[PDB]
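In C-alpha cells, one chain follows: the form deposited in one PDB entry.
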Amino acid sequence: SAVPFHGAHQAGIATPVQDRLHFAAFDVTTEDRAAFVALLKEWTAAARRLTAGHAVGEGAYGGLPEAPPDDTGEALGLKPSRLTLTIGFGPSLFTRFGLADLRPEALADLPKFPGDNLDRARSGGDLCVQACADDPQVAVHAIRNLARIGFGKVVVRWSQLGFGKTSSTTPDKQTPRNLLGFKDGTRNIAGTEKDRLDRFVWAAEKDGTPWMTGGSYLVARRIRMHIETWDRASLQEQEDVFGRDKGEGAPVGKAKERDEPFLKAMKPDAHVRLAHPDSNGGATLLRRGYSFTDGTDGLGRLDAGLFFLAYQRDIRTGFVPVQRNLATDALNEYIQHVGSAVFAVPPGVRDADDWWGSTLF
C-alpha cells in the first residue's frame, strides 16, 4: 500500500507501475540559489509526509483558525496508494545559480525529428515532479500542495494526467492495452532485472558526472493519436503497423504474446521491428508511460494519446537512436508528437537528513 521513499535511487522508476499519473513541469522564478535550496528541503520534507499518506506541515485542520491550513485537505481519509514522487532537473535549470558547468553531457538536447509538431507551452521546463499513485486524487493532491509550497519560487508550466490499468479489477502481470487496442509493454525493462537496470537505466560514476551517480535521464513526449483515422483502418493494417496481432499480441508467425519476435517476418517499417534493440545497435529503454484522454478538440475529435516516458542511462544512446530509427515507422500515419521535455533525475534521498538535489547543490 506504500512504497519506501528513501533509497539509493529515487522511487517511481524501477518500482511497480501504479495506476495513475500526474506529471507536472515547473519553471523557476527566483535567482537566489539559497532560496532555491531552501525550497528543495521543504519539498523533500513534504514528500516524506505525502508518500506515507500524511498531511504536509501541521495538517489540513486543527491549527490556528486565523491561518490557512498547511495542507489543502483533499486527500484526508485516503491511503498512500503507492504514491511515489520523482523529481528531475531540465537543461534550462543549469543556466541559473551558476550551474552551467555541472550540466551532464548525457542530458542532451533532443534533435528535431521528422513530423514533430511541438507545442512550446507544453514542452520543456526547469524541473519536473512525476507523481504516480493508484488513486488519481492522491497524485493531484501531491502536485497541488508542492506547487502551493513553492509559490513565489516556482510556477507550474504544464501538467498532464494519465492512467494505466485499474488494479482493483485487472491482474498484475496481465499486459495493459494502449488506446489503439494493442498490448503495450511486452518487451520492456522490468524493475526486477537489476543487471539490465545497471547497464541501461542508472547513471554510473564513470559515465562522467559524479553528482548523477544513481540517477537517470528522462524523456517525456506527449504523443497524440489520430483515433478516428486509426479506427477506420482494417484489422490487417493495424496488425501490420505493429508486427503483432491485436487479440493475443504475438509477434507475427508466433502464437503467444511473450514469444520472442522474428523480425524478418514483420514488414520493414513495422513499429516493433524498428524499435527492437537488434535494429538499434542494442539500445534498450525502460518505458514507463501512461495513456491520456483530455477531452475533445474543436472538431469533435478525441484528444487522446500516449504520454510517453522513457528512462535511460544516457539520452544519446537510448531515446535518440531509437526515435531516429522511427523516421519511417508505419505508425507515423496515426500519431503526432506535440510536446517534449528532457530531465536529469538525481540519485535517491538516502535517509531522513538527505534532500532532493543534495549531490548537485
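For clarity, a rigid core is taken as the largest C-alpha set superposing within 1.5 Å between two forms. One rule holds for the numbers: they count along the sequence shown, beginning at 1. Residues that one form lacks are left out of the comparison.
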* To do: Read off the CA B-factors in the entry, average them over 135 to 143 and over 259 to 267, and name the higher stretch.
  => 259 to 267
* Can you let me know which of the two, 16 to 24 or 346 to 354, has the higher average C-alpha B-factor in the entry? => 346 to 354
* **Residue selected from 53, 57, 318, 305 by maximal Cα B factor** => 57
* Whose CA atom has the top B-factor in the entry, of 74, 126, 198, 184? -> 198
* Asked: By the record's CA B-factor, is residue 313 among the lowest, middle or highest third of residues in the chain?
  -> lowest
* **CA B-factor placement of residue 42, once the chain's modelled residues are sorted into thirds** => lowest
* To do: Would you mind checking where the Cα B-factor of residue 218 ranks among the modelled residues of its chain, as the lowest, middle or highest third?
  => lowest
* **Chain-relative CA temperature factor third for residue 178** => middle
* Taking the values exactly as deposited, rank residue 29 by C-alpha B-factor within its chain and report the matching third: lowest, middle or highest. => highest
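In what follows, reference is made to the form deposited in another entry, a form of this protein that is not presented.
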* **Of the candidates 195, 172, 101, 109, the only Cα that travels 2 Å or more between this form and the one not shown, given a rigid-core fit** => 172
* Would the C-alpha of residue 151 be classed as shifted by 2 Å or more between this form and the one not shown after rigid-core alignment? -> no
* Using a rigid core alignment, state whether the CA of residue 262 is displaced by 2 Å or more between this form and the one not shown. => no
* To do: Please say whether the CA atoms of residue 172 and residue 189 come closer or move farther apart in the other entry, knowing the change relative to this form is 3 Å or more.
  => closer
* To do: Work out the direction of the Cα-Cα change for residue 167 and residue 80 in the other entry: closer or farther than in this form? It's 3 angstroms or more.
  => farther
* **Stretches between this form and the one not shown where the CA atoms of at least 3 consecutive shared residues shift 2 Å or more, core fixed** => 163 to 172
